[PDB]
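The block underneath contains the structure these notes are about, expressed in structure tokens.
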Amino acid sequence: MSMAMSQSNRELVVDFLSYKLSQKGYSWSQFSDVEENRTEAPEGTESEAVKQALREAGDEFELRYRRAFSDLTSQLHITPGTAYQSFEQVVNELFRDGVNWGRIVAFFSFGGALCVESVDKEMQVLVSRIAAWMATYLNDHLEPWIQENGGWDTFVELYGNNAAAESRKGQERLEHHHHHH
Ligand SMILES: O=C(O)c1ccc(-c2ccc(F)cc2)cc1
Ligand SMILES: Oc1cccc2c1CCCC2
Numbered sequence: 001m002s003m004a005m006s007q008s009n010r011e012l013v014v015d016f017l018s019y020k021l022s023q024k025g026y027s028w029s030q031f032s033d034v035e036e037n038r039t040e041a042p043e044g045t046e047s048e089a090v091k092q093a094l095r096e097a098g099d100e101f102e103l104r105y106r107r108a109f110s111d112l113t114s115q116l117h118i119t120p121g122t123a124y125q126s127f128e129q130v131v132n133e134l135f136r137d138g139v140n141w142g143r144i145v146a147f148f149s150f151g152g153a154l155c156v157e158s159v160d161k162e163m164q165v166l167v168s169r170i171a172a173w174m175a176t177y178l179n180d181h182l183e184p185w186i187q188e189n190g191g192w193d194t195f196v197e198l199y200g201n202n203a204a205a206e207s208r209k210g211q212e213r214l215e216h217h218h219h220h221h
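Letter by letter, the sequence shown follows residues 1 to 48, 89 to 221 of the authors' numbering.
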């Protein structure tokens with residue numbers, strides 16, 4: 001069978017996380033050390089698209105929601121006290137009106153960003169904790185809806201593409217300048 005969603009959640013936040021950490025020069029394997037096997041050219045399949093889509097869509101949300109991304113971190117001061125409680129309270133903001141592709145893409149970058157900051161200063165120990173909170177929320181606290189709507193292939197096919205993907209950014213000028221009455 002295909003048995004999708006078998007383990008593309010725990011390493012889903014770490015995959016996008018490293019993509020944002022490598023941009024700063026923090027990496028991830030050095031976060032909690034952990035035994036480093038190797039992984040030279042295991043191939044595997046690398047046919048995932090949610091990662092690529094989450095990349096472009098990542099900066100996408102960072103442009104229209106400028107006011108919505110102002111009271112999301114201010115109420116998440118990293119400190120030796122709260123962690124999943126306040127975190128789930130903030131992520132719930134996007135997962136409240138109703139699980140949606142956008143609410144699922146933004147919450148993604150919201151977590152990967154919370155770690156990029158904690159690691160930017162000097163806290164590379166709470167990265168697995170935050171990445172784990174989002175890993176569970178997607179393990180069984182959202183997957184059931186990701187399929188009810190259609191599947192990652194939907195949000196990844198609607199935008200995840202090389203560049204064309206039949207864009208529609210106000211593309212209402214052609215129409216032969218005289219073919220729509
Ligand atoms: O598609 C949606 O419904 C949707 C609505 C809002 C947001 C969003 C994204 C980033 C924020 F900091 C706040 C809100 C994402 C998706
Ligand atoms: O569906 C969309 C259409 C336009 C922009 C964005 C999304 C979804 C998440 C990223 C931002």
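Think of the CB as a built atom: it goes at the ideal place given N, C-alpha and C, for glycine as much as any other residue.
Any non-hydrogen atom of ligand 2 within 7 Å of residue i CB
i, result
"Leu12", "no"
"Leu178", "no"
"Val131", "no"
"residue 232", "Outside the displayed range of the chain (1 to 221) lies residue 232, so it cannot be described from this structure."
"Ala89", "no"
"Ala172", "no"
"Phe101", "yes"
"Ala97", "yes"
Environment of residue i [buried if 16+ CB atoms lie within 10 Å]
i, result
"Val13", "buried"
"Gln125", "exposed"
"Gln23", "exposed"
"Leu166", "buried"
"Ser2", "exposed"
Option in the options with minimal Cα separation from residue i
i, options, result
"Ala93", "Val196, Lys209, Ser207, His221", "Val196"
"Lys161", "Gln187, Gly142, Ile118", "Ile118"
"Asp15", "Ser6, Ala4, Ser27", "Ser27"
"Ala89", "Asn202, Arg104, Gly151, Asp137", "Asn202"
"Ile144", "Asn132, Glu212, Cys155", "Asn132"
"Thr176", "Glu128, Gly142, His220, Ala146", "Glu128"
"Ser158", "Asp111, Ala41, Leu21", "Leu21"
"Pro184", "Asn140, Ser110, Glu35, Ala171", "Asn140"
"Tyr19", "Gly191, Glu35, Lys91", "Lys91"
"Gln30", "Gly210, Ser47, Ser207, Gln164", "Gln164"
Near ligand 1: residue i beta-carbon under 7 Å from a heavy atom
i, result
"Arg143", "yes"
"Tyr105", "yes"
"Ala175", "no"
"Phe109", "yes"
Extract the residue ranges of the beta strand (DSSP E) inside the segment 109–158, only unbroken runs of 3 or more that lie entirely within it. none
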